[PDB]
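Written below as structure tokens is the structure these notes are about.
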Amino acid sequence: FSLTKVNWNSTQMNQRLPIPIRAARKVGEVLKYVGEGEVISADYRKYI
Amino acid sequence: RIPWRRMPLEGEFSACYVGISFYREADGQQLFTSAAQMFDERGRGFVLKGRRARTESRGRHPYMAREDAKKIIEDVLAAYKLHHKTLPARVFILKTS
Amino acid sequence: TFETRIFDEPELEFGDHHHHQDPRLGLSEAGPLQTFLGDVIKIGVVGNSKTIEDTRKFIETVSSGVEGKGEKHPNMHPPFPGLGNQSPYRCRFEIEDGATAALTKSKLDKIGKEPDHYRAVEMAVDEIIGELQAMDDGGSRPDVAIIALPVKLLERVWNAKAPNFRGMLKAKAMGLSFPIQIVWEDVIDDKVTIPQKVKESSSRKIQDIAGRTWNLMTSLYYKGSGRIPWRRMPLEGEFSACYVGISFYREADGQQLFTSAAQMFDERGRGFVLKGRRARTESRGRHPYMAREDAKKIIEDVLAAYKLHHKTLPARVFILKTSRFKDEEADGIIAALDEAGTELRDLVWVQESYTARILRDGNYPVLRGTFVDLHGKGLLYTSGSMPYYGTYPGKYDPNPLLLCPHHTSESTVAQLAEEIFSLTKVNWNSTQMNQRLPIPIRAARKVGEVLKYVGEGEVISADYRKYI
Amino acid sequence: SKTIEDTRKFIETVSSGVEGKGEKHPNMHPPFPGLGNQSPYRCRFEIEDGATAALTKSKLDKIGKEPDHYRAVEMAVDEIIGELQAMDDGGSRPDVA
Amino acid sequence: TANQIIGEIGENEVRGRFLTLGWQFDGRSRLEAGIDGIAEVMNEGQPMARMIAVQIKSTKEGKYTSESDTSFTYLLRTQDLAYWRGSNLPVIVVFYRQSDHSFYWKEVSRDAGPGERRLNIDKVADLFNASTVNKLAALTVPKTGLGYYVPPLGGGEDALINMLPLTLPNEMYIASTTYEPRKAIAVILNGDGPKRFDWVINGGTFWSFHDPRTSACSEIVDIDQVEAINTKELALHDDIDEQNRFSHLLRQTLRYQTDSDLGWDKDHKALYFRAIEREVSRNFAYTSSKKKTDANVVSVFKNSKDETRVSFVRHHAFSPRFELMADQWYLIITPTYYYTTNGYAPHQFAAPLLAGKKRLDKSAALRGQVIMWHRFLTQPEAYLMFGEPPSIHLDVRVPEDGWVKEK
Amino acid sequence: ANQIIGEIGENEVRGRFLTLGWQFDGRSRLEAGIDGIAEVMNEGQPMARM
Amino acid sequence: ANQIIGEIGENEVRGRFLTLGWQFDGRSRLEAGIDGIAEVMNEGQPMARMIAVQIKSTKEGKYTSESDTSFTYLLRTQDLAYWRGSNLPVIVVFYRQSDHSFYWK
Amino acid sequence: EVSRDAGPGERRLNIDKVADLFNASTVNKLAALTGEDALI
DNA sequence: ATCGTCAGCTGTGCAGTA
DNA sequence: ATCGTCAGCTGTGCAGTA
RNA sequence: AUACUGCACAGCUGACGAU
Ligand SMILES: [Mg+2]
Ligand SMILES: [Mg+2]
């Protein structure tokens, strides 16, 4: 419950999922279309 | 630079938080695994980042195997020990399966 | 020309995250670092009937604001705020009516006939420890003990004419819950014509009635409550470090020599821990120099005691030793370190003299902390003139302690000089600002001074409350 | 460590003006004006403390002990690159290293 | 007119004199006639939130009431005193001189104390300038002093250091030796002519800076030629015992070749000043130009009441060491006293005589002792040449300029 | 226009201070937080209170 | 540090100006470009009507191509277009801390 | 106004609109400084 | 896979900053 | 094996609180 | 012995070498 409003894409307190689940889902959404041999970045700003 | 972070409590051990989640392939019916490896900085900061790797599919199941789970934890521990110059005292793992 | 640096005065942590360079002011302004739950401290007392009563009136009278020596320079002798509603310790202190010891006046004249003095110290201290054990047996256990000696029982136990005192009685007292505190009557009575031992003089002039109560109470509060008065602050980017210091004490008679040590580090919450070691430190040699075995043992011990509390391993190890760093034991130290895995290392040596005695233009001596790098040997002035006071506390010839780091160390000498300058007023004895020799060697001297004659049974309590 | 302290000292010294070599051929040796209001860049350089990589002496000792020429330079280069990569991934990104 | 314009240019110039060491003098409207703008104390880019009320008078040109370079016995009024005491902020008094553009301030407050008629004794050492600025910092902080204080106000002063650099000679001489040192001292003692002893002998070879046939005979040395080695190739590989042998070489060099040959004490260390005759004074005023010559070297102290008995006589002593601090030598000094009852027979009670003056007050003469001792040693062959210690730079100064001297 | 609104706010603050007959004098922009100095008088009683 | 050197340079240049009169106001902190307004004194009465003055102060250190006889300064064309469209002459001065080199251009 | 009491500072000033006015009324104030049962 | 002829282009290092 | 040179290394007493 | 400052004094240590 403490790790809930750490998500920086929004500003509401009406957040249900915690930050690591949301970050993992957004990382996967962006990673869905990346082909093999391309460059993937560890920077979080490329995913939100 | 990060706008805000949760307040750490007093007296708690050092720890790193790892999520886990899955996603599809947008043409076929498969599933991957992808996640972040967040923890607390040495000063006043928060490190939220992914990993520079893509896990393979290995079947249409939302559960991994005993060959990349060890690798993920090794990467998290190496990323913590490169910055804090020591290994942490606690590992927190969150999963959707 | 020679390069130099200066350092601002380091602060001390207190209650409410408060940082200040003046521990009296920080204690009086923000309370202790760790407050006590109950507002009670029970203190034992050994003495004749005159010392108990005026001790009670002393405890009563200090609770109303005993002022300093004078109105001028109002900050080296500050006004004591008392023990009521504004206390530096925020707790009350009292003598319970179950610790009111007295001494027999029968076994004196045949002691005054003086057949032997070693047997005299033996029977006197055996009676003292017997009374303390009989006090701790009942349901009137005190948190501390005052061992204020009778005058004739002391004058003829110190200059009994080769005796020893102030620590041998502790050396046969590692079995009592309360850590004892011997107090000579010089401030407890504060009127008696005390002799000056060898030089037949009037008395030892001490000070006024503010700073005495201040540092005495501070020592009593640490020794009684178990809570800790102060610590230095971490920095936003500091790694994890442990401080170990080694001293080179003599025998009980002074032919062989043994090596004592200390240990300190931080806490997981808001605290500081300073321990000795509950083991013997035998010689295996005669010349005053280290061995591989003792250095490896103390390094393994400090690593184990850090991992017991923090559940991690420290990223930095700091050693302050009073002799040459040679490879006969540095191999053991380094091997124990990468056996653990600690990355940053430091090995600093002290006591090289006649190196620099820098002066200034004016009348006063140098400031507190003028550090100079003499092409590797960094000399610093832990004492000197001091601006918040407005005066110069000190007589003449302030010694610039220098740092000779071993070449295995990974840091610059200026950074280590700043770190040791932040590690001067951190020991839990008295409230004095100037502390030339650092705490890791200070505590090592303080444990070796009681270990140099008894280690035969009665293993030490490493809680440091019986070492001040 | 010593390289970092001398780098900070170098920046601090050269930010406050630098004298010319001599009066012989003045256009060959013009004086540096420093990063003040007379700066020939209209910007200033600062070394933030949140990202600064100090190299431990154990790793340098291991570098100076390898007899093989190729892999020693390779591992030194790779270690520096890993330090800079972990510098980049965090929230303490510098403009130039 | 004249007075108003010269007063406003005076307040402009003292605003600049405020500004030259921080001290942001923020002005105000002139509608009080007796207080200027409020100054705010600052410390090297950081304001310290400390403020001083300032007031400035018009000008001072030429001579005035008891005007002098040091005395300046000027007296002010008494009507303004209450006007200058009915205040909370510490009001400071300011005047301006057009002769050397200087600025007068020597008073802040007296707490309702009529001290004569407001004496302004100025230019004794320095006026309101870069020197003695902590006299302005310790104004709003009173003698009550709970926790508040002021750090030293910047400045930056030089300071001396007490090791004299040495320039050693160019050559050194070695030879073979098949003898013993107890024979050497015997032939030195029982020999006929004059002799010196600026040599040492190790177990295998010779160690000196003199001839195969020295002025102190040649019996101890061999019949072979001594070998000429330059001093820039000397023991620079290993074996600090060779450095110890060079130390004994330089030890005998300083012991048997000095200026106005002294005696060599073994109580403190090294050398000490002698007595020229039977219990007489010993001054030897000398200087390296400047404007002050030497004050004292050796004095005679007598009994307080028993005039027919002498108490003691003290001389000055020091002890050089051996430190190759980065291939550059340094002789290290320790100024101490040595006591006797006649100048030749050693004192049996010299322990508490070193204290006293070491106990009484501050140093107040250690700089002078360092200066005269560094000038004393810088004056057939001498086999030595001495230099001058460096002066290091500090960013901080002691606030004793703003403090009170010891009484 | 942040300097403009800061200056007009300072001037109007000084005007409301002074229309009741209370002194207030601003400072330069070399400060940090101390935006001015105020001394109080009432019916011509200007004591040196800061 | 460089913010206070400009203020003290302006103050002492004004002290030089007020030395022989030359009534100078300075500006507030709202100014941009041109500094305060000054006049010329005539033996104790402001006979001159008005003129504009601008301060320019620098630290210790020589100027560009300064070799014992001269130096050079370059002017931004925004400032030049600012002063060209005006109703008052302007003057430009220099630094004062080496040997108080108040110059007029 | 901010106080000078011992300890920490007092941030987060709360200002009302009744007695904090800068009119002639409040001139001399700053001049004195010198459970529930649910079911599843 | 070698040897003279001519014609030109990259690595690797030392003084000297005129 | 005590005498010299050189560097520590460790124990005991006064005083003055500026 | 509240300590922590210098001073003075004493003992001890190791580094080289002999008629
Ligand atoms: Mg988005
Ligand atoms: Mg004690």
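Quick reminder, even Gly has a Cβ in these numbers, built from the backbone with ideal geometry, and neighbours come from all protein chains shown. Read-outs throughout are calculated quantities, based only on the coordinates presented, and are distinct from any laboratory measurement.
All conditions in (1) surrounded by fewer than 19 Cβ atoms within 10 Å (Cβ to Cβ); (2) within 16 Å of ligand 2 (Cβ to nearest atom) hold for C:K205, with the sole exception of (2). Checked against (1) away from every other protein chain (no Cβ under 14 Å); (2) among the hydrophobic types (A, V, I, L, M, F, W, C); (3) within 27 Å of E:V14 (Cα to Cα), G:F17 meets all criteria but (1). Specify the residue that is nearest to DNA strand I (Cβ to nearest atom); the eligible residues are those in the range C:223-236 that are under 11 Å from C:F36 (Cα atoms) and outside any loop (DSSP other than H, G, I, E, B). Among those residues, the one meeting the criterion is C:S225.
Can you confirm whether C:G47 is within 14 Å of chain E (Cβ to nearest Cβ) and buried (at least 19 other Cβ atoms within 10 Å of the Cβ)? When the stated conditions are applied, C:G47 does not pass them. Would it be correct to say that E:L146 is part of a loop (DSSP other than H, G, I, E, B) and within 16 Å of DNA strand J (Cβ to nearest atom)? Considered against the rule, which asks whether it is part of a loop (DSSP other than H, G, I, E, B) and within 16 Å of DNA strand J (Cβ to nearest atom), E:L146 comes out as yes.
For the range C:428-468, taking the residues that are within 16 Å of DNA strand J (Cβ to nearest atom) and among the small types (G, A, S), the one that is farthest from the other protein chains (Cβ to nearest Cβ) is identified as C:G455. Can you find a residue in the range A:26-39 that is basic (K, R), surrounded by 15 or more Cβ atoms within 10 Å (Cβ to Cβ), within 18 Å of B:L31 (Cβ to Cβ) and more than 7 Å from chain B (Cβ to nearest Cβ)? Yes, some residue in the range A:26-39 is basic (K, R), surrounded by 15 or more Cβ atoms within 10 Å (Cβ to Cβ), within 18 Å of B:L31 (Cβ to Cβ) and more than 7 Å from chain B (Cβ to nearest Cβ).
Here are E:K63, E:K106, E:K123: which of them is touching a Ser or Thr at 6+ places or on another chain (Cβ under 8 Å), more than 14 Å from chain F (Cβ to nearest Cβ) and assigned to a loop (DSSP other than H, G, I, E, B)?
Details: E:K63 fails: touching a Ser or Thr at 6+ places or on another chain (Cβ under 8 Å); E:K106 fails: touching a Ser or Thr at 6+ places or on another chain (Cβ under 8 Å).
Sole residue among the options that is touching a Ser or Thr at 6+ places or on another chain (Cβ under 8 Å), more than 14 Å from chain F (Cβ to nearest Cβ) and assigned to a loop (DSSP other than H, G, I, E, B): E:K123.
Of the residues making up the range C:298-351, those that are of a type outside the set (V, I, T) and touching a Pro at 6+ places or on another chain (Cβ under 8 Å) are C:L303, C:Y306, C:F318, C:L320, C:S323, C:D346, C:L347, C:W349.
The single residue among D:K57, D:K9 that is within 24 Å of C:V413 (Cβ to Cβ) and over 17 Å from the mean Cα position of the chain (by Cα) turns out to be D:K57.
Yes or no: C:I59 part of a helix (DSSP H, G or I), out of contact with any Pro (no Cβ under 7 Å at 6 or more places or on another chain) and buried (at least 18 other Cβ atoms within 10 Å of the Cβ)?
Working: part of a helix (DSSP H, G or I): yes; out of contact with any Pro (no Cβ under 7 Å at 6 or more places or on another chain): yes; buried (at least 18 other Cβ atoms within 10 Å of the Cβ): no.
No.
Return yes or no: is C:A101 more than 16 Å from ligand 2 (Cβ to nearest atom), in contact with a strand residue (DSSP E or B) (Cβ under 8 Å, 6 or more places away or on another chain) and over 30 Å from C:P32 (Cα atoms)? Taking the combined requirement at face value, the residue satisfies it. Within the set F:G9, F:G26, the sole residue that is under 25 Å from G:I8 (Cα atoms) and not hydroxyl-bearing (S, T, Y) turns out to be F:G26. Checking each residue in the range G:7-34 for being part of a loop (DSSP other than H, G, I, E, B) and under 18 Å from G:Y103 (Cβ atoms) picks out G:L20, G:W22.
Counting only helices (runs of 4 or more DSSP H) that sit wholly inside the range E:309-382, those with at least 3 residues that are more than 10 Å from every other protein chain (Cβ to nearest Cβ) and within 16 Å of DNA strand J (Cβ to nearest atom) are E:351-354. Right, C:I333: away from chain B (no Cβ under 14 Å) and under 30 Å from C:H20 (Cβ atoms) or not? No, not satisfied.
May I ask you to list the residues in the range E:392-404 that are more than 8 Å from every other protein chain (Cβ to nearest Cβ) and part of a loop (DSSP other than H, G, I, E, B)? Scanning the range E:392-404 gives E:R397, E:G402, E:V404.
Being more than 9 Å from RNA strand K (Cβ to nearest atom), of a type in the set (A, V, I, L, M), within 21 Å of C:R92 (Cα to Cα) and assigned to a loop (DSSP other than H, G, I, E, B) is the requirement here; does C:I194 meet it?
Values: more than 9 Å from RNA strand K (Cβ to nearest atom): yes; of a type in the set (A, V, I, L, M): yes; within 21 Å of C:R92 (Cα to Cα): no; assigned to a loop (DSSP other than H, G, I, E, B): yes.
Against the criterion (more than 9 Å from RNA strand K (Cβ to nearest atom), of a type in the set (A, V, I, L, M), within 21 Å of C:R92 (Cα to Cα) and assigned to a loop (DSSP other than H, G, I, E, B)), C:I194 does not qualify.
Close Cβ contacts (under 7 Å, 6 or more residues apart or on different chains) running from residues in the range F:1-27 that are more than 20 Å from F:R49 (Cβ to Cβ) to residues that are of a type in the set (A, V, I, L, M, F, W, C) comprise F:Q3/G:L30; F:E7/G:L30. The test for being within 16 Å of the chain's Cα centre (by Cα), among the basic types (K, R) and under 30 Å from E:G156 (Cβ atoms) does not hold for E:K407.
Scanning the range C:30-52 finds one or more residues that are of a type in the set (V, I, T) and in a helix (DSSP H, G or I).
Among the residues of the range D:60-83, are any within 30 Å of C:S409 (Cβ to Cβ), more than 16 Å from ligand 2 (Cβ to nearest atom), within 14 Å of chain C (Cβ to nearest Cβ) and in contact with a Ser or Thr (Cβ under 8 Å, 6 or more places away or on another chain)? Checked against the condition, which is being within 30 Å of C:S409 (Cβ to Cβ), more than 16 Å from ligand 2 (Cβ to nearest atom), within 14 Å of chain C (Cβ to nearest Cβ) and in contact with a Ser or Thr (Cβ under 8 Å, 6 or more places away or on another chain), the range D:60-83 yields no hits at all. Please verify whether C:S260 is within 16 Å of DNA strand J (Cβ to nearest atom), away from chain B (no Cβ under 14 Å) and closer than 29 Å to C:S177 by Cβ, treating the condition exactly as stated. Yes.
Restricting to the range C:62-74, give me the number of residues that are surrounded by 18 or more Cβ atoms within 10 Å (Cβ to Cβ) and outside any helix (DSSP H, G or I).
To start, the set of residues in the range C:62-74 that are surrounded by 18 or more Cβ atoms within 10 Å (Cβ to Cβ) comprises C:62, C:66, C:68, C:74.
From what's left, outside any helix (DSSP H, G or I): C:66, C:68, C:74.
Looking only at that region, the number is 3.
Can C:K425 be described as more than 17 Å from C:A241 (Cα to Cα) and within 14 Å of DNA strand J (Cβ to nearest atom)? When the stated conditions are applied, C:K425 does not pass them.
For the range C:226-257, a tally of residues being within 9 Å of DNA strand J (Cβ to nearest atom) and at positive phi returns 1.
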